[PDB]
Every structure is written in C-alpha cells, then in structure tokens.
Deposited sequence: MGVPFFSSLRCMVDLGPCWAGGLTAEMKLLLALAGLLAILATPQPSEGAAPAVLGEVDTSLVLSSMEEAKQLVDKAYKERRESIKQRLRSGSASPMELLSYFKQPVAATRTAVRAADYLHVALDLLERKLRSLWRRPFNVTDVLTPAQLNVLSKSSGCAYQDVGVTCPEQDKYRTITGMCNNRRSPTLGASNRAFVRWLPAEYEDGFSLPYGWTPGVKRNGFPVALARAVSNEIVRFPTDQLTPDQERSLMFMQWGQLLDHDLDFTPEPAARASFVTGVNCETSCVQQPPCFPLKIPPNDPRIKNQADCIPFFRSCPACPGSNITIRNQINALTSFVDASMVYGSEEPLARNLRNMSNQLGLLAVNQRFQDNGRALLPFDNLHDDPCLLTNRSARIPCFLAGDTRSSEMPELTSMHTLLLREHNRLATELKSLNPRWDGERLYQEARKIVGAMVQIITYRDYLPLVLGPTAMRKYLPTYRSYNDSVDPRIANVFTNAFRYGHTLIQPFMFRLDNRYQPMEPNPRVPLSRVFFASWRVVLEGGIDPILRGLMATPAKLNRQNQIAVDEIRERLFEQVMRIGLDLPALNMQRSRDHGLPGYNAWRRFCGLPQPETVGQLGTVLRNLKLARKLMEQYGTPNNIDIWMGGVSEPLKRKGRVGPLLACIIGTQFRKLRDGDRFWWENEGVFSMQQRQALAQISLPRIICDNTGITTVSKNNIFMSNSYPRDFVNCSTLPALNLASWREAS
C-alpha cells in the first residue's frame, strides 16, 4: 500500500515504483536476466560433485584459473596514465550503494573446515600451488543465502540486501532500524551521528560499530580501534573506502547546517531528508556525468546510456544477479599499496606505501595515522593500475586478501569465479549472446575476440570451451573499449544496468517534480573536487575530471577557483 503524495524516498526503496512497489526495495531477490545454470538444474553449483562436468567438460578449479591466467609479476604493474586511484575507489563506493549479497555466519564451520557440506563451498587447491603447499587445504567460501530458503520445488536465487537505486544508501542505510542508528537524535538539526571519542583535526569521523569479534581490532590489537558504522556494513574494509564514507557523512552535515540557516523553522526530519536528497543527487551526477563515461568509453556510453527522456515505470530497476559479478571488474584497477601524501603532495612518513594486505579492516590507520586527508590525496594523485591481458589482478588481493583477520589469505579473483558458480550464472558465451555479440566456439575464434591468441590458449586449457568461461574472467579478459576501461561484454552488462537504474528511478534528479528548475541548475555545478574542499583541510585538488587527473602538480588547482553549490533555491517562501 503506497501513498499518492510523497516527497522523499523511503529508506528501503519500497514504493519507488508505484504499480510495482517492491522493485528496487531491499532484501528481495536479484532479477535474472538469464536463467540460472546449476549442476543439478536448480541449486547445486557447477563444481560441486567431483567428476560431474559442465557441457561435457571438466569444471576448472577457480584457484587454478587464478593461478594460470590472473597471476602476474608485481614487478611489472602498469600505471594507467589516464585514471586516478579515485576512479577505482568511486567504483567500490558505488557498488556498495547498489548491491550486497548476504551469506551465513560461522554442523561444520566453513571458516575452519574443508568439508564440502551446505553452506560451505570451499575452493579446492590445484597441484603445485605457488602458495598453499598442503593440497588438502582450501580457501573458505560461504554460499550466498537463498532467497526462498529450504525449498527444492524452486530454482535457487540470491538476495540483495540493499536498495538498487543510486540513492546514497551506503550513507543512510537500507533498512529503517540502521537508518535511525545513523542519525543524530540528540537534537532537531537533521544530522548524521559522528564519532564521540575521536576527531580528525577537529572534523567528524564515523561512529564506531559494536561487534563481538570485531575484525578491525585484530589488525592492530594494541591500538584497540573498532570498525566504523556507515550506511553499508563494509565501510571499514579498507581505509580508502572509509575515507569516502567519512567524506559524504561530513557533506551531509555541512548541507543540513546551511539549510537550517536558510530555513530556521525547518524541523530535524525535513533537514535530514533535504540534505539526504542532495547527497543522493550528487552521487547520481558524479556517477553518470563523470564516472560511467570513463568506464564505458564514448561508443558504449551512447549506445547503452542514451540521453535521459523521463521516468518510465515499466523499467525494472532491480540489480541483475550477473551485475554483482560483472561490476567486480574494478579489482583489475587495484594498486598493491595505499598511498598517503602530505599537504605538499609528497610521501607521508614513516610509511607512505602500506601493502594492501595490512590495511584491510585497519580503521586504526584513519584514527591514529593522520585522518582522511593523506588518503584522499593519495587517491587523487596516484594512478590506478591498468588492466592488461597478462597483468589482470595483483597478488595483494590474489594471495593475501584479509590475511590479518583470517586463518588463510583469500584469493579475490578465485572467489569471483566461485561466486558466479554459487549464483548459477551462465558462462561467457551465453552472456555474449544476451548482449548480441559473436559467440566464439574454437580457440582461433576466441583469440580473435580477444586479439590475443596467447590468452585464448590459456582459457581453452583451463575451461575446455568458451561456453564454460566464468563471466568475470571472460569479461575482464576482453580488450578495452577506446577511452574506456572494460571490453564490450561488460560494457553491455554495466551500461544496461545503469540505464535501468536511471530510467526506472522515480526520484532520479532530472525527473520532473523531484527538484525545481532552479535546484537542477545549481546541482549541475557540484563536483567531487569541490566536495573534498568543503569537508577537509585540502586546499589543492584534482581538476575535472577527478577520475582522469592523476599527477601533481600538472592536474591540480587551488580550491578557491571552484564555485560552491549555491543553496539559495532551497530557501522556503
């Protein structure tokens, strides 16, 4: 039951689309753009039963695919001279607005056992593994929670715990209890709660979360800094991500503070909702004006994201199951260090280059090693890693993911492929056909799709046929679109999902009725550089496009040259 007047989004995304009120709401099943492909036709992943094939071929171990195709000498990492590490980081922050796939917590404990029994689907170890010498070990893996749990009558699907809309749900939450926990209820000012025990040169930090076996504590047992609390539960996973959440929390409070000065009669609720509504529009603008073009490149961007006409309540805004795996393309952009730079953009001592394997869940580094400014300046002035067909993903995430908080280091690329099988995702060729592209059946055809016969051979040797290539591995293997950072297969999947999220969003910021004409003129002036100026001690920032600029001093300007967002048209008559 929906109202016929409503000024603001719900927290859950319910009632966005009025004739289909669960679409894009949180805690519902992903939509399937193609039918699930399970080993037994409805629940068991390919690779579950030893010796059962997929389309007549053996199922390649995900860790063996990782070893033979993804591994590369870190020596030879290639900086992308046209992308900042901020391009990587916006991508992760954005993913955490769109999807999160729950799984059960630690019969048998999937974390310490290697027995394959539901919900465990551990990755088995290939012979001669470069790291895991005991072939009877395994990389732990929990299967994603089923949408209709305890049922064989039906085909397994997975759950999206998040609002699919681009609505800043990684700031405000996607369920109402958590959304109230994030707010400052000490007063009528409409603010997000801030940390009460620590500050970053007198600027707000995220509150602390309360976990019984808190992982941020294990990363530095004597600093006793717990994990942070944001709209999305992954906000402490890395300090670069933490810095983005911290940035948007400040901007929320900054805007609610201005708005109260302009509208002194407004109560806390109105102030929270109006600020929340601007933050949401800013994530939409930065994403579609500045980020997506540099992902897709111009051709794909015009083909899959034509210019907005208006809200269409027949478009399905749900995240596709396949998207949660394809949008992991950005793992190929990850540098193996976190880079912190001082107020002259010079390496910050003692440790200006921390290996990633010692920043996962290390919230203590934000509190104790200098706030979010050095981290933000590292993001703006360090180049992202470039994806290349023989340098796909770095060993900090392929060999040492979550090393400090876990019995064994995980292999993120191998998890992506195991996860696609968990989810019953069809393979490479089926998604090529869904995208209306040539389906290679032979190694010579595949070499031509990839413009790389050397990589074609590797893929045929692991998988047996291009029909069995896992979506993520095939997607990142494709050669990159011009002025873009994915190939045609991912360009299609990614572009199509973002088209549907825009056109199917009743509260998209350009939709008649959402903002006034004068508001939309003002919002066009926002930029992520400005938002950095307004809420940190940084006075020199990347020049638009923040995601292209990566070199100091060439690509940078003084904050004073950037106009601010003019909130005049939010003054109530």
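Unmodelled regions of the deposited chain, listed from N- to C-terminal end, are 1 to 165, 272 to 277, 745.
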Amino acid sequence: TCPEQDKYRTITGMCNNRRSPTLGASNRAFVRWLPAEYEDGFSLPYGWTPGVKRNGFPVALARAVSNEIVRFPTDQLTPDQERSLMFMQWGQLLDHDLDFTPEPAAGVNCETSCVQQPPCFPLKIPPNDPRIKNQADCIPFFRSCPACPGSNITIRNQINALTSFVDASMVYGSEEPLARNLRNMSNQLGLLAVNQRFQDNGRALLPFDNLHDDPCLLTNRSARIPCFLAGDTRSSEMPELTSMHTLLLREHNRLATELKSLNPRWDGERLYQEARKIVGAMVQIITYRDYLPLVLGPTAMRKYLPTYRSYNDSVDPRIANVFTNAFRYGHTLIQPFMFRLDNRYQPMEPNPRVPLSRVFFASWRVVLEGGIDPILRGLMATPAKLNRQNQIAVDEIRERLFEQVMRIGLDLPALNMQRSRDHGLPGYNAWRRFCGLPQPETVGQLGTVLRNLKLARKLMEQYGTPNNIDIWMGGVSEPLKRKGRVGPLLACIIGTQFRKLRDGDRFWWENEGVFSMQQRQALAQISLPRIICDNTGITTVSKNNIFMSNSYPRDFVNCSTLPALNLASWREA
From here on, numbers count along this sequence of modelled residues.
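Comparing 344 to 352 with 377 to 385, the stretch with the higher mean C-alpha B-factor in the PDB entry is 344 to 352. On average the C-alpha atoms of 550 to 558 have higher B-factors than those of the other stretch, with 16 to 24 and 550 to 558 being the two compared. Reading the B-factor column for the CA atoms of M88, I159, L262, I471 in the entry, the top value corresponds to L262. Across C533, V31, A36, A62, the greatest Cα temperature factor reported in the deposited entry is at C533. In the PDB entry, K481 places in the highest third of its chain by CA B-factor.
Ranked by Cα temperature factor within the chain, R433 sits in the middle third according to the deposited record. Looking at the C-alpha B-factors along this chain, the one for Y463 belongs to the highest third.
Ranked within its chain, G41 lands in the middle third, by CA B factor from the PDB record. Sorting the modelled residues of the chain by their CA temperature factor places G504 in the lowest third.
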